[PDB]
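*Asks:* Dumping the structure here so I can ask a few things about it.
Ideal geometry is used to build each Cβ from the backbone, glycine not excepted, and the neighbour counts take in all protein chains shown. Bear in mind these aren't lab numbers, they're just calculated from the coordinates by the rules spelled out.
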């Protein structure tokens, strides 16, 4: 067991106060956890709009890396 | 003197015949004239029309070198 739990550091609520608290906190939860449906779409990415010198090293370290990083 | 000269390897022409020979050869000699320079114009060069993978090594050894070579 290595999840970080909610801790009541001070105070001792009754079961009904604990239930009210946890229901409120869960309603205040951040919604869906993360946007797992996010999809890669590199069309018109800003790095493709830059002018690069034909001998520019940023062709390797900026342009190519941005296209290839996954 | 280290020019490569015309040599008459066989025969001994009279001066009139040497003059006829040299006049005809000098009229045949033609084309380049003075060493004019073809002006560099890279617009629409074939290497720019090729598809290169983003990680293609030919971006260095073909595309860039063709643009930079002088």
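*Asks:* Going through B:25, B:63 one at a time, which residue ends up being touching a helix residue (DSSP H, G or I) at 6+ places or on another chain (Cβ under 6 Å) and outside any loop (DSSP other than H, G, I, E, B)? Walk me through how you get there before you give the answer.
*Replies:* On the way: B:25 fails: touching a helix residue (DSSP H, G or I) at 6+ places or on another chain (Cβ under 6 Å).
It is B:63.
*Asks:* Starting from residues that are surrounded by 12 or more Cβ atoms within 10 Å (Cβ to Cβ) and more than 27 Å from the chain's Cα centre (by Cα), keep the ones in the stretch A:57-70 and report whichever is nearest to the other protein chains (Cβ to nearest Cβ).
*Replies:* Within the stretch A:57-70, the match that is nearest to the other protein chains (Cβ to nearest Cβ) is A:59.
*Asks:* Continuing with the same structure: Has the stretch A:48-56 got at least one residue that is touching a helix residue (DSSP H, G or I) at 6+ places or on another chain (Cβ under 7 Å), under 30 Å from residue B:68 (Cα atoms), within 14 Å of chain B (Cβ to nearest Cβ) and not in a loop (DSSP other than H, G, I, E, B)?
*Replies:* Filtering the stretch A:48-56 for residues touching a helix residue (DSSP H, G or I) at 6+ places or on another chain (Cβ under 7 Å) gives A:52, A:54-55.
Still in the list and also under 30 Å from residue B:68 (Cα atoms): A:52, A:54-55.
Still in the running and within 14 Å of chain B (Cβ to nearest Cβ): A:52, A:54-55.
Right, trim to not in a loop (DSSP other than H, G, I, E, B) and you get none.
No, the stretch A:48-56 contains no residue that is touching a helix residue (DSSP H, G or I) at 6+ places or on another chain (Cβ under 7 Å), under 30 Å from residue B:68 (Cα atoms), within 14 Å of chain B (Cβ to nearest Cβ) and not in a loop (DSSP other than H, G, I, E, B).
*Asks:* Now for a separate question. Looking at residue B:15 and the list (1) surrounded by 10 or more Cβ atoms within 10 Å (Cβ to Cβ); (2) over 30 Å from residue A:67 (Cα atoms), which single condition is not satisfied?
*Replies:* Among (1) surrounded by 10 or more Cβ atoms within 10 Å (Cβ to Cβ); (2) over 30 Å from residue A:67 (Cα atoms), the lone unmet condition for residue B:15 is (1).
*Asks:* Another one. So, in the stretch B:18-56, how many residues would count as being surrounded by 10 or more Cβ atoms within 10 Å (Cβ to Cβ) and more than 28 Å from the chain's Cα centre (by Cα)?
*Replies:* In the first step, residues of the stretch B:18-56 are kept if they are surrounded by 10 or more Cβ atoms within 10 Å (Cβ to Cβ); the result is B:18-25, B:45, B:47-48, B:50, B:52-56.
Subsequent filtering for residues that are more than 28 Å from the chain's Cα centre (by Cα) retains B:18-20, B:52-56.
Number satisfying all stated conditions: 8.
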